[PDB]
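**Q** Pasting a structure below so you can have a look.
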Amino acid sequence: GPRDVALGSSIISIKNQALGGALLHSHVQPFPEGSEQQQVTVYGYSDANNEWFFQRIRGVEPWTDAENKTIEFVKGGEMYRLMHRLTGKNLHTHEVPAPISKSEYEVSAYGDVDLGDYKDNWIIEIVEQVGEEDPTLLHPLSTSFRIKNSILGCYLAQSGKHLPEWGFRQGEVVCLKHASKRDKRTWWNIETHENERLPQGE
């Protein structure tokens, strides 16, 4: 994949860095309780349901494919939405107990490019850059980053718990309250990166 992730046109999968860390995932299956919205999980194999792309925050006009004039790069410290590619939904959280980790917040996929709320805005916080590439940008594999909800202030995390059979026993994803900086369940990296507009990164 290309070395720098772009807003909108970069298709990425995102891997958790804790032990047993897997790929951020969504599918057209609802939570049976909680908010009953579309599930978000982690999955262990390559799959089109692992594909996400970055979108502009709620509050400004969104990026669209017809925007051929400009390529913008995702920057540490800035806010973005994360869109599930196949379903078009926003990575979402809210003050709802998580399915298994009842003291944490449930994470779902909700809405679309136009519909949702400001809990779809996440701060991308870069916490480690391997190599001497632009420290402000996201690079596949070498960048570790955290995903902090702009409204609730919690961190996206692979909890370590497994969902029941209704979540195909995939891994629970939560928004951790009071996470430590060095809690690797809240550390993520770009695993795969696809973008036809960018120089390929050999």
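Residues are referred to by chain and number: the chain letter is A, B, ... according to the order shown in the structure tokens, the number counts from 1 in that chain, and ligands are numbered separately from 1 in the order shown.
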For region 162-194 of chain A against region 118-131 of chain A, with a cut-off of 12 Å and counting only C-alpha atoms, what is the closest atom pair and its distance in Å to one decimal for every residue that makes the cut, ordered by chain and number, as JSON lines?

**A**
{"residue": "A:175", "atom": "CA", "partner": "A:122", "partner_atom": "CA", "distance": 11.2}
{"residue": "A:181", "atom": "CA", "partner": "A:127", "partner_atom": "CA", "distance": 8.7}
{"residue": "A:182", "atom": "CA", "partner": "A:127", "partner_atom": "CA", "distance": 9.4}
{"residue": "A:183", "atom": "CA", "partner": "A:127", "partner_atom": "CA", "distance": 11.6}
{"residue": "A:184", "atom": "CA", "partner": "A:127", "partner_atom": "CA", "distance": 10.7}
{"residue": "A:186", "atom": "CA", "partner": "A:127", "partner_atom": "CA", "distance": 10.6}
{"residue": "A:187", "atom": "CA", "partner": "A:127", "partner_atom": "CA", "distance": 8.2}
{"residue": "A:188", "atom": "CA", "partner": "A:126", "partner_atom": "CA", "distance": 9.5}
{"residue": "A:189", "atom": "CA", "partner": "A:126", "partner_atom": "CA", "distance": 9.7}
{"residue": "A:190", "atom": "CA", "partner": "A:126", "partner_atom": "CA", "distance": 11.7}

**Q** Any chance you can output those residues with N, CA, C and O atoms as a compact mmCIF listing (two decimals), in the first residue's frame?

**A**
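Dumped everything to again34.txt:
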# COMPACT_ATOMS: atom_id res chain seq x y z
N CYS A 175 -15.73 1.36 23.84
CA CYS A 175 -15.11 2.66 24.06
C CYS A 175 -14.72 2.72 25.53
O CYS A 175 -15.59 2.80 26.41
N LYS A 181 -2.69 5.46 28.83
CA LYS A 181 -2.03 5.72 27.55
C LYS A 181 -1.33 4.47 27.02
O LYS A 181 -1.34 4.21 25.81
N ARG A 182 -0.75 3.67 27.91
CA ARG A 182 0.03 2.50 27.53
C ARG A 182 -0.80 1.22 27.45
O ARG A 182 -0.23 0.14 27.26
N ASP A 183 -2.12 1.31 27.60
CA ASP A 183 -3.02 0.17 27.40
C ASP A 183 -3.10 -0.14 25.90
O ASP A 183 -3.77 0.56 25.13
N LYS A 184 -2.42 -1.20 25.46
CA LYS A 184 -2.32 -1.48 24.03
C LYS A 184 -3.65 -1.92 23.42
O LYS A 184 -3.74 -1.96 22.19
N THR A 186 -6.05 -0.09 23.32
CA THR A 186 -6.46 1.15 22.68
C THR A 186 -5.48 1.60 21.60
O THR A 186 -5.63 2.71 21.08
N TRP A 187 -4.47 0.79 21.26
CA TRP A 187 -3.53 1.10 20.19
C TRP A 187 -3.92 0.37 18.91
O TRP A 187 -4.24 -0.82 18.95
N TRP A 188 -3.82 1.07 17.78
CA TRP A 188 -4.23 0.56 16.49
C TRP A 188 -3.18 0.92 15.44
O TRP A 188 -2.40 1.85 15.62
N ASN A 189 -3.16 0.17 14.33
CA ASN A 189 -2.38 0.58 13.17
C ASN A 189 -3.16 0.28 11.90
O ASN A 189 -4.10 -0.52 11.89
N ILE A 190 -2.78 0.98 10.84
CA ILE A 190 -3.22 0.65 9.49
C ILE A 190 -2.57 -0.67 9.09
O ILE A 190 -1.34 -0.79 9.09

**Q** A:140, A:1, A:77, A:160: which is nearest residue 15 (chain A), counting only C-alpha atoms?

**A**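 Ranking A:140, A:1, A:77, A:160 by distance to residue 15 (chain A), first place goes to A:140.
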
**Q** I'd like to know which of A:103, A:150, A:29, A:93 is closest to residue 78 (chain A), using only C-alpha atoms.

**A**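 Smallest separation from residue 78 (chain A) among the options: A:150.
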
**Q** From region 27-195 of chain A, collect each residue whose DSSP state is helix (DSSP H, G or I) and return the set as an mmCIF file with N, CA and C atoms, in the first residue's frame.

**A**
data_model
loop_
_atom_site.group_PDB
_atom_site.id
_atom_site.type_symbol
_atom_site.label_atom_id
_atom_site.label_comp_id
_atom_site.auth_asym_id
_atom_site.auth_seq_id
_atom_site.Cartn_x
_atom_site.Cartn_y
_atom_site.Cartn_z
ATOM 1 N N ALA A 48 -13.784 -8.248 3.134
ATOM 2 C CA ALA A 48 -14.241 -6.920 2.723
ATOM 3 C C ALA A 48 -14.955 -6.178 3.853
ATOM 4 N N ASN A 49 -15.512 -6.899 4.835
ATOM 5 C CA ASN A 49 -16.132 -6.212 5.969
ATOM 6 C C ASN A 49 -15.107 -5.617 6.938
ATOM 7 N N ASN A 50 -13.805 -5.783 6.689
ATOM 8 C CA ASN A 50 -12.770 -5.090 7.448
ATOM 9 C C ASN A 50 -12.400 -3.737 6.849
ATOM 10 N N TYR A 118 -22.616 13.929 16.454
ATOM 11 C CA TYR A 118 -21.229 14.331 16.618
ATOM 12 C C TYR A 118 -20.424 13.316 17.412
ATOM 13 N N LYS A 119 -21.083 12.303 17.986
ATOM 14 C CA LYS A 119 -20.373 11.152 18.530
ATOM 15 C C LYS A 119 -19.731 10.291 17.448
ATOM 16 N N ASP A 120 -19.975 10.599 16.167
ATOM 17 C CA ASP A 120 -19.244 9.991 15.061
ATOM 18 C C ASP A 120 -17.877 10.619 14.820
ATOM 19 N N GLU A 165 -22.707 -16.273 20.220
ATOM 20 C CA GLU A 165 -22.917 -16.759 18.862
ATOM 21 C C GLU A 165 -23.617 -15.727 17.980
ATOM 22 N N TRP A 166 -24.399 -14.812 18.569
ATOM 23 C CA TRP A 166 -25.073 -13.809 17.749
ATOM 24 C C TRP A 166 -24.104 -12.801 17.146
ATOM 25 N N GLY A 167 -22.885 -12.702 17.674
ATOM 26 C CA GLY A 167 -21.847 -11.888 17.057
ATOM 27 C C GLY A 167 -20.810 -12.773 16.385
ATOM 28 N N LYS A 184 -2.420 -1.204 25.463
ATOM 29 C CA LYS A 184 -2.324 -1.482 24.034
ATOM 30 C C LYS A 184 -3.645 -1.921 23.421
ATOM 31 N N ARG A 185 -4.658 -2.248 24.230
ATOM 32 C CA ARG A 185 -5.978 -2.511 23.667
ATOM 33 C C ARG A 185 -6.559 -1.275 22.995
ATOM 34 N N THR A 186 -6.048 -0.087 23.324
ATOM 35 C CA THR A 186 -6.455 1.151 22.679
ATOM 36 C C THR A 186 -5.479 1.600 21.597
#

**Q** Between CA of residue 16 (chain A) and CA of residue 46 (chain A), measure the distance and give it in Å to one decimal.

**A**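 Rounded to one decimal, the two atoms are 14.1 Å apart.
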
**Q** Would you please extract all strand (DSSP E or B) residues from region 19-157 of chain A, as assigned by DSSP on the backbone, and give them as JSON, numbers by chain?

**A** {"A": [23, 24, 25, 26, 27, 28, 29, 30, 38, 39, 40, 41, 42, 43, 52, 53, 54, 55, 73, 75, 79, 80, 81, 82, 83, 84, 90, 91, 92, 93, 94, 95, 96, 97, 105, 106, 107, 108, 109, 110, 122, 123, 124, 125, 126, 127, 128, 129, 137, 143, 144, 145, 146, 147, 148, 149, 155, 156, 157]}
